[PDB]
Amino acid sequence: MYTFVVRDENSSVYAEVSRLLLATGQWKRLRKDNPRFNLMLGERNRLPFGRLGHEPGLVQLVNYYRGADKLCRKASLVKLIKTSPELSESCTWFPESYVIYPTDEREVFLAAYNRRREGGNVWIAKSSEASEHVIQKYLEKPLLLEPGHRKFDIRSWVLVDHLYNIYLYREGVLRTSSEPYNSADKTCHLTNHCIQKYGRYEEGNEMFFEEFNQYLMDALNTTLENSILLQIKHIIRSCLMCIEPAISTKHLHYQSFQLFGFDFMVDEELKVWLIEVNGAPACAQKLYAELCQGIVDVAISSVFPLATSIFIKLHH
Amino acid sequence: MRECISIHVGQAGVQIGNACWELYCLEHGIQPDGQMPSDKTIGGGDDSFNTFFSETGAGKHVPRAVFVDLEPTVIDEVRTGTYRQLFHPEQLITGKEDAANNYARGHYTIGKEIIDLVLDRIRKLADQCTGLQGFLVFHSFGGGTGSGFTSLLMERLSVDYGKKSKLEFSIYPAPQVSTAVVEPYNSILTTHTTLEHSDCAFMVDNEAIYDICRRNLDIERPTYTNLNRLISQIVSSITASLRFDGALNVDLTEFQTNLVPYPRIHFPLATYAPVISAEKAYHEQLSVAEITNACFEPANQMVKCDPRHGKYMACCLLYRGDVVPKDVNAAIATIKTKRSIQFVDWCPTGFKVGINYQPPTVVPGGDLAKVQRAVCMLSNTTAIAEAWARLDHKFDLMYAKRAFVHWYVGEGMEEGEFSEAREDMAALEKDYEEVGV
Amino acid sequence: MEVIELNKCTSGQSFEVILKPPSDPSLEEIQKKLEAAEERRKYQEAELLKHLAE
Amino acid sequence: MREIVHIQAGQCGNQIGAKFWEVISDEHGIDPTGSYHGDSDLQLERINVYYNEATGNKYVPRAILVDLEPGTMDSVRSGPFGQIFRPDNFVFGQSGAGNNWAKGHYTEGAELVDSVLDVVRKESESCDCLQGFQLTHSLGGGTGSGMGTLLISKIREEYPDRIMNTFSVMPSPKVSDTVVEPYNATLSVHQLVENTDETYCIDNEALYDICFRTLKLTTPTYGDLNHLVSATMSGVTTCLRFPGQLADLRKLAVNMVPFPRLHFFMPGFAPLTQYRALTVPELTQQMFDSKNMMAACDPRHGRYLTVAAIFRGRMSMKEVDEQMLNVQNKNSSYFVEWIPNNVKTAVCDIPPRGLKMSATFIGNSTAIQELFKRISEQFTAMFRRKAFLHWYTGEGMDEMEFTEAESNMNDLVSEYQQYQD
Ligand SMILES: Nc1nc2c(ncn2[C@@H]2O[C@H](COP(=O)(O)OP(=O)(O)OP(=O)(O)O)[C@@H](O)[C@H]2O)c(=O)[nH]1
Ligand SMILES: Nc1ncnc2c1ncn2[C@@H]1O[C@H](COP(=O)(O)OP(=O)(O)CP(=O)(O)O)[C@@H](O)[C@H]1O
Ligand SMILES: COc1ccc(OC)c(CN2Cc3cc(OC)c(OS(N)(=O)=O)cc3NC2=O)c1
Ligand SMILES: Nc1nc2c(ncn2[C@@H]2O[C@H](COP(=O)(O)OP(=O)(O)O)[C@@H](O)[C@H]2O)c(=O)[nH]1
Ligand SMILES: [Mg+2]
Ligand SMILES: [Mg+2]
Ligand SMILES: [Mg+2]
């Protein structure tokens with residue numbers, strides 16, 4: 001049989017994955033601190049990558065890429081997009097952003113804000129006036145769904161395997177608002193399941209791709225693939241190819257894969273903007289089984305084999 | 001001219017020493033009987049090779065070396081080996097009963113009984129030097145002698161030769177080629193006792209040498225001979241600057257000036273290329289750019305770790321063969337554009353380069369093929385701290401149950417030495433984290 | 001990309017390439033620790049011999 | 001670390017000891033007269049570990065034969081290799097010990113022990129660098145059990161810095177001579193806990209079960225059991241006797257014994273004794289199987305602290321490594337995690353007689369507690385009625401000594417249970 005361990009009890013995705021692996025009959029779970037394992041479902045923080053790949057006779061695999069935190073932390077994502085010549089800040093799909101400490105970019109952020117304020121501009125900060133961490137431009141003109149006059153975000157799940165193939169899960173999720181967008185209460189400005197909880201138009205304030213595509217057809221005479229998906233695939237490919245030399249495990253003594261959650265925003269001109277990248281994302285109940293089984297087939301059995309695909313391979 | 005004395009301790013230190021001195025004799029044109037037909041100054045000289053070889057009136061070139069082991073089997077190989085005529089009997093020191101893989105037995109019980117004899121033979125070597133530089137010390141981490149006796153000897157050498165430099169070549173343990181379950185204990189104890197007495201130490205992980213022999217030489221089950229010939233090529237590139245004419249690393253203090261900005265962080269990472277099998281009647285000759293690029297692949301490092309996730313404090317490139325500076329500089333420019341080489345911000349981002357025109361030498365009939373050019377990179381990177389972490393974790397696993405501790409207390413040690421040594425290692429890991437961020 | 005300190009001899013050459021500027025215990029004490037360890041071995045062996053005599 | 005001094009005491013001890021010397025003498029090419037007639041030089045490289053070299057190029061075993069009655073040693077001297085032993089190394093009395101630990105340890109044995117020590121001293125004084133001693137005996141009788149443990153105590157007093165190793169045969173009601181065997185065995189186990197560094201536990205119950213169930217022997221004799229024992233003894237001394245990459249008794253103790261009292265080893269052997277050679281996966285699977293264990297304990301009822309395994313014959317090192325790593329990775333639950341890399345593998349090109357390949361297992365397992373539990377129960381069932389105690393109080397012992405032996409045994413059991421959890 002094959003060997004795996006579990007070191008994160010809060011991951012619903014990998015709890016399902018481990019359950020499926022036990023439902024295979026060829027995988028068996030070990031105590032969390034047993035070093036003789038083939039597969040590690042590791043912890044979120046301080047994952048001891050240095051201890052992997054030193055067990056004689058074991059091919060060892062882990063569900064995280066060391067160094068991928070640069071893409072999944074907000075300040076480091078800003079710094080990466082600004083300082084990487086492959087992105088060079090001049091990329092058209094990431095909002096104008098500056099990192100501020102409580103080098104510092106305070107003088108430059110206020111400097112560009114001086115040109116922006118005279119005309120307007122509204123900004124956002126997390127980790128209309130500047131006097132009142134990362135501060136980036138708040139997209140004041142988002143695409144609003146009708147009926148409802150409400151905003152949304154797009155969550156895409158992306159699997160990167162040990163060969164650095166990039167797989168885009170065919171099913172994404174729009175996380176929508178319920179209250180009409182008011183550009184003058186932050187519930188209509190903020191798209192989050194927890195914040196919304198509601199549930200009038202769709203179940204759980206989340207709409208799936210077939211329905212959203214039919215809406216794009218009927219309302220705007222276009223398709224989701226043409227108006228949005230080309231941009232999403234381009235952004236994913238750029239972000240991951242950019243850091244490939246820093247995180248690739250191609251000639252390394254252990255191997256990595258990882259599941260990412262990309263979050264996007266669409267403006268009223270059908271332009272896609274990358275909001276953020278999640279390194280330990282959740283999923284949708286209707287998609288847990290499919291996506292997890294796909295994780296097993298494409299990420300795990302590809303290295304440890306047993307006795308149409310749901311992914312789109314983003315060539316590069 | 002200033003002499004260097006080599007000291008080989010325990011089985012690993014002795015066998016590696018034999019491989020090294022064989023390679024030295026092939027490189028300098030010294031026959032197994034000690035004669036050197038290219039040396040026109042008979043019975044003397046202050047040439048570069050005289051840093052490692054003295055001369056007798058009969059024209060014999062004798063290594064400035066001493067071999068020490070607590071059991072006689074391994075040094076008896078030297079006594080009847082190919083280069084037996086090279087050494088005098090006083091250079092070979094053996095005991096009767098080894099340290100049974102127990103640091104406490106090598107350091108306390110047995111070391112107290114033989115340390116004065118060893119120092120006396122070393123003193124006999126020092127009396128023949130007109131300006132001794134210091135010592136090069138070869139040993140394993142895992143053996144009872146290699147760990148325990150070496151730590152004691154290093155303390156006494158600091159006492160008796162205060163101003164001399166001391167460099168180490170240390171064999172870090174790997175279960176693929178392991179001999180005892182207590183090797184983590186011995187490794188930590190000897191690093192704690194030796195840290196303050198070593199100016200610069202080159203660690204070689206047996207796991208890395210093993211994997212390079214299996215992968216590049218296509219040897220399914222590498223022996224100590226294969227491992228030691230590869231290791232001896234590495235050591236030879238590191239000491240060639242002392243043995244030949246040149247301007248870079250021409251004395252032991254230069255190793256510290258060039259590679260070690262803080263005293264405790266004195267463990268440079270060695271990477272070597274190319275390693276090509278002799279069985280292949282033809283292989284393509286790698287250019288300067290290709291071997292320089294190969295210096296940044298983990299699979300060619302002497303210790304397995306990921307330099308992409310650490311920071312550099314110094315870097316030295318040591319070339320041998322058909323190499324000119326123009327190609328080195330072009331290659332470095334390409335590597336800088338294609339790789340992530342981050343230095344600490346309080347160090348310059350430079351590379352020190354040395355080139356010896358004589359291409360590497362290989363033992364006839366050995367496993368290494370003759371190549372036109374080779375390179376050994378010595379870089380002081382925080383990424384090597386991974387090896388410490390691995391080791392420390394194994395320590396923590398056994399010591400939490402006090403497994404095997406009674407064997408050390410039984411020899412006169414106290415439990416406090418275990419925790420003291422472990423706390424020193426924890427402080428070392430802290431130092432590497434602070435420098436590496 | 002500055003090359004500095006080029007030294008050339010018949011055996012080879014060396015130089016430096018810069019890409020960016022920057023941004024003991026005594027002998028008596030040793031004898032003391034050794035002798036203390038020996039004394040502890042001696043005490044343990046005396047306890048053994050006392051046990052065997054009982 | 002060169003010479004080993006061998007000692008065999010009592011009926012069982014002398015019978016398995018004689019078989020051991022017959023087997024390893026055949027392996028090293030030594031004929032019954034002490035002359036070397038071998039073909040290879042590997043058999044002579046480390047022959048001094050067990051043999052002295054006498055003028056005329058003769059090899060004499062460094063062995064001492066002890067008993068309180070002459071019968072078994074008379075049969076040894078007339079055995080196949082009886083002529084090879086040094087005649088002065090036979091030390092014997094006439095009274096016997098009557099299957100009585102007190103007679104061997106306190107009354108009859110005390111008279112002969114000083115003569116034995118004189119011979120031990122004479123053999124040790126000619127050693128270039130003595131490693132220690134190996135003793136063969138049973139625990140259920142009187143001479144090997146009582147006088148054997150007395151001897152171990154005296155030897156430790158004179159040579160406190162040498163290793164003490166034993167092959168100790170554990171009694172069983174299935175292969176029993178007298179009802180007092182649990183008394184003798186319980187008294188001896190406390191001595192072994194204090195005064196040996198390594199003890200191989202040879203359980204007569206397991207030997208009988210192997211002869212009956214596996215070897216298909218309806219009526220096993222002591223000879224059939226001693227065939228298994230001698231095969232095992234050759235296996236476990238292989239790496240002491242042949243050029244090995246490692247061994248000696250001290251490095252064995254250091255690597256196998258993490259806590260001083262827990263030094264009782266469970267041995268195993270494969271294949272169990274036809275013209276077809278076993279493949280490496282078969283050797284590895286059988287060598288870890290309970291049915292190949294020489295102590296009647298289920299390893300799946302405990303955990304391995306340390307393991308050593310020896311492969312003999314011409315085979316693939318790569319396949320051996322792959323199979324050993326295979327059984328470790330597939331049975332990782334039965335190995336303690338707090339001792340990293342606790343399984344050691346060795347290979348010797350010279351196979352034993354009549355086999356093209358073989359494998360020998362040495363395990364330090366907490367499941368050995370079952371053995372001690374069995375003995376403890378049989379002790380208590382009699383001792384709570386003080387049955388058969390007069391045989392012992394008549395030699396000067398008191399009931400208190402029995403109470404203390406029982407308490408010490410149950411302490412050993414509880415210590416094993418402590419490290420099993
Ligand atoms: N690379 C290499 N490693 C060796 C060699 N010999 C032994 N080792 C390693 O050294 C460690 C064992 O220590 P040794 O040097 O043999 O032991 P020792 O210093 O002789 O000490 P004692 O024998 O215990 O008295 C293990 O990690 C071995 O893998 C060798 O020739 N080459
Ligand atoms: N520049 C911007 N313009 C418009 N809306 C923005 C915005 N930045 C953030 N938002 C809104 O705020 C929401 C959450 O911002 P944020 O990027 O911090 O997600 P989050 O990290 O709080 C939870 P998640 O892991 O799902 O991303 C987004 O879904 C979006 O609706
Ligand atoms: C099959 O081999 C042997 C057979 C019989 C043996 O006695 C007669 C020995 C002696 N021993 C045991 C041992 C066990 C280890 O582990 C439990 C160990 O540690 S290890 N894995 O190499 O790291 C190192 C050793 N060194 C030794 O000489 C070895
Ligand atoms: N395996 C084996 N066990 C024996 C042999 N002889 C006796 N025994 C066992 O040893 C115990 C009897 O002790 P024994 O050695 O005969 O008594 P002693 O002469 O006083 O030491 C019982 O458990 C017997 O089953 C033998 O040749 N082989
Ligand atoms: Mg987030
Ligand atoms: Mg040794
Ligand atoms: Mg009997």
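We count from 1, first residue shown onward.
Heads up, the Cβ atoms here are built off N, Cα and C, so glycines get one too.
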From the ranges D:1-4, D:265-268, D:337-340, pick the one that Swiss-Prot records as motif 'MREI motif'.
D:1-4
If Swiss-Prot gives D:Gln11, D:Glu69, D:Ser138, D:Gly142, D:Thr143, D:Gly144, D:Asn226 as binding GTP, which of D:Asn48, D:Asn195, D:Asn204, D:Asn255 does it give for that site as well?
D:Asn204
State which of the following recorded positions has the fewest other Cβ atoms within 10 Å around its Cβ: D:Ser40, D:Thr143, D:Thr284.
D:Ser40
How many whole Å apart are the CA atoms of D:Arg312 (omega-N-methylarginine) and D:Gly144 (GTP binding site)?
31
For GTP: widest Cα to Cα gap among D:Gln11, D:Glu69, D:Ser138, D:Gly142, D:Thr143, D:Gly144, D:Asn204, D:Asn226 in Å:
23
May I ask for the distance between D:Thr284 (phosphothreonine) and D:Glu69 (GTP binding site), taken between their Cα atoms and rounded to an integer number of Å?
43
Using CB under 6 Å from any atom of ligand 4, narrow the recorded positions D:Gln11, D:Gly144, D:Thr284 to the ones that qualify.
D:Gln11, D:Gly144
Among D:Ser138, D:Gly142, D:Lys318 (the recorded positions), residues with Cβ under 8 Å to chain B, listed in sequence order:
D:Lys318
Neighbouring recorded positions, C-alpha within 10 angstroms of D:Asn204 (GTP binding site) - of D:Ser40, D:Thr55, D:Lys58, D:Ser172, D:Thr279, D:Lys318:
D:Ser172
By the DSSP assignment reduced to helix, strand and coil, which category contains D:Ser40 (phosphoserine)?
coil
Quick check on the recorded positions: of D:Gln11, D:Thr55, D:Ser172, D:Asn204, D:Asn226, whose CB has the lowest count of neighbouring CB atoms inside 10 Å?
D:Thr55
Cα of D:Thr279 (phosphothreonine) to Cα of D:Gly144 (GTP binding site): how many Å, rounded?
39
